[PDB]
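Cβ placement follows ideal geometry from the backbone for every residue including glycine, while neighbour counts extend to all protein chains displayed. A short reminder: the numbers here are calculations on the coordinates, not readings from a lab.
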Number of protein chains: 2
Amino acid sequence: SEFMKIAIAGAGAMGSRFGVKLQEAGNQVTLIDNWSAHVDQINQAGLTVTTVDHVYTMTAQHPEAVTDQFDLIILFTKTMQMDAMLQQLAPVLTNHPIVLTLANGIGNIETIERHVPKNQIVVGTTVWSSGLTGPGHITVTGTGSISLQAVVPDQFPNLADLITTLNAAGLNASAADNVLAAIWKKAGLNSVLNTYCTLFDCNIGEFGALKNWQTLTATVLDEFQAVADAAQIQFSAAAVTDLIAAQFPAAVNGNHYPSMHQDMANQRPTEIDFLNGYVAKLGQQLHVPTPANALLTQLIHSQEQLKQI
Amino acid sequence: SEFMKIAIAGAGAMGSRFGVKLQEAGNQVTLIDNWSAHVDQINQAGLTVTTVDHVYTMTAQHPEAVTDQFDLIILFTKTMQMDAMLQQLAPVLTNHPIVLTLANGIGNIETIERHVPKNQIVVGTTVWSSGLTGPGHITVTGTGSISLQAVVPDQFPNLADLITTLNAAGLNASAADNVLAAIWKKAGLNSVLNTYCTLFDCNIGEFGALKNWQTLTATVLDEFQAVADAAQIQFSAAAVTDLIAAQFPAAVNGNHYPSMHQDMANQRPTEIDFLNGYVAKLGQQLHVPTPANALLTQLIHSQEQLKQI
């Protein structure tokens, strides 16, 4: 009775690991992904998991080819690519499946709401890890857990059943009321380190060595706090600030250029509209001024244009 | 009776040209400057003016060596270096000379007020041109004019006499009530082009080619407008915007990197505290929010620190 037909929407490292565990536990799983080499490798040779190499027979498809329907969609697609993924799955969605989003981003609920009724939406965080070694190949270490929060708890049926299914697969899921808070916490970190490192062409340690890192950090985070306050989402600029500063040492991320800096260096459009830009979007709706975050968003967009030439 | 003993404080291209014309017209002139090679060249071989080379015997000194006193100090020192210049001339100032500042900057009055009574202060603009070819050598073309505005008109004696002296020297000076407005206009241009070009490592034409140049420009200038409004200084974001956009073509400044970008590239501290930073300083005093300009100021300071490593 814990059985589910499950789509993994975005079958990168995390989706692929969740999908293997779910299928091996007895569920019917489809991995859905845009990466042709990955989809083909899974379908032609199976998914390889390295812990020692284990090979699993799995089903993978491009979104536009999916005609099946499911009990559960687990979304790992990045906020910036989420809308297009959901558009391409429009026919899959008519049976009103549970949509569990485990992606980073404050914009995910609003995005998913354009495609499915909001009482079908569950948000999650996870500390499972996974690396994407190559097409159809993940490398996995350790254990983890999942924390889940229904977006409309009063109208979401059978969160228990959902949790059972995940726990039957050994995923260590639990209900919690602080998940969207945890999502916003990660967004606050990312909207400081990604954005400033990109603007400055510097790594995380160089940022932390700035004589004005605290002012730059507070300018972003006090706006995040005011927005979160108006949205009635728990948030602590101080806690995020602690987490930011914990990245600074070389032993941690001091010599790391964050993902947005990498996007910029490779002339790829950044996720700025889903980070600082999204705080600014929400602040406008909530009558909370977000001039810093609005400006930072513009600066990154200008930088993109200049880099593309 | 139009005779004056005049100090030129900051004897670069403009100061040197004004000083020559003033001396040749009959006044006693001291050129005051920090550049040792310039001071020595003037004192040892005279000032050369090229129009055809003409050589003039002039007096030049370092500020710390000046013991004379004057009827008029004409200040050409950049806002950022002004305070130190005025400090070094502290003994020169005890006879309460006229202080005419022809330097760019919204911060000049406040700066000079720390060193002299404010009713002694006159602000000016000029369209005289001059180039500084080398130590003790200027190259000069064309004619010009000077517009002057006493800071406290009701308490400044003999603006007429001042104008006579300058006109006797063929400088084409006039009284006007829109000079501080013209100074703020130039500051609005500079606080957009210098600052954004530096942040983006781009030239003026690249800035003008940005798809969001107008938004970036308005973000700075609407704050300048609000501050100017509170300060009761005439200002038009629209007019400044026109002047900004007039720089964009290659025929004009499209391939030019502005002075702040050059400072940054040479690891020299920029004048940001006297541009965007000064609008923010004044806005704070006037209860006008200036979050964009405050942030931009911080970004430039971070950039400086990173460049200095």
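Assorted remarks:
- Every residue from region A:95-148 that is within 17 Å of A:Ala84 (Cα to Cα) and among the polar types (S, T, N, Q): A:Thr101, A:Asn104, A:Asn108, A:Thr111
- Any chance B:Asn266 is surrounded by 15 or more Cβ atoms within 10 Å (Cβ to Cβ) and not aromatic (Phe, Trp, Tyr): no
- The residue that is surrounded by the fewest Cβ atoms within 10 Å (Cβ to Cβ), counting only those in region B:294-307 that are touching a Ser or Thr at 6+ places or on another chain (Cβ under 7 Å), aliphatic (A, V, I, L, M) and within 9 Å of chain A (Cβ to nearest Cβ), is B:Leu295.
- In summary, helices (runs of 4 or more DSSP H) completely within region B:186-293 and bearing 1 or more residues that are within 14 Å of chain A (Cβ to nearest Cβ) occur at B:204-208, B:213-231, B:259-265, B:276-286.
- Long-range neighbours under 6 Å by Cβ, at least six apart or interchain, first residue within 20 Å of A:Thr67 (Cβ to Cβ) within region A:21-47, second among the hydroxyl-bearing types (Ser, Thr, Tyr): A:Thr30/A:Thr59
- Number of positions in region A:169-201 that are over 19 Å from the mean Cα position of the chain (by Cα) and farther than 23 Å from A:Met80 by Cβ: 2
- Selection status of B:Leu86, surrounded by 20 or more Cβ atoms within 10 Å (Cβ to Cβ) and over 19 Å from B:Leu162 (Cβ atoms): yes
- Positions within region A:199-216 being of a type in the set (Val, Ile, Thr) and under 21 Å from B:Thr195 (Cβ atoms), in sequence order: A:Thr215
- Taken together, the residues in region A:125-173 that are loosely packed, with under 14 Cβ neighbours inside 10 Å and assigned to a strand (DSSP E or B) amount to 1.
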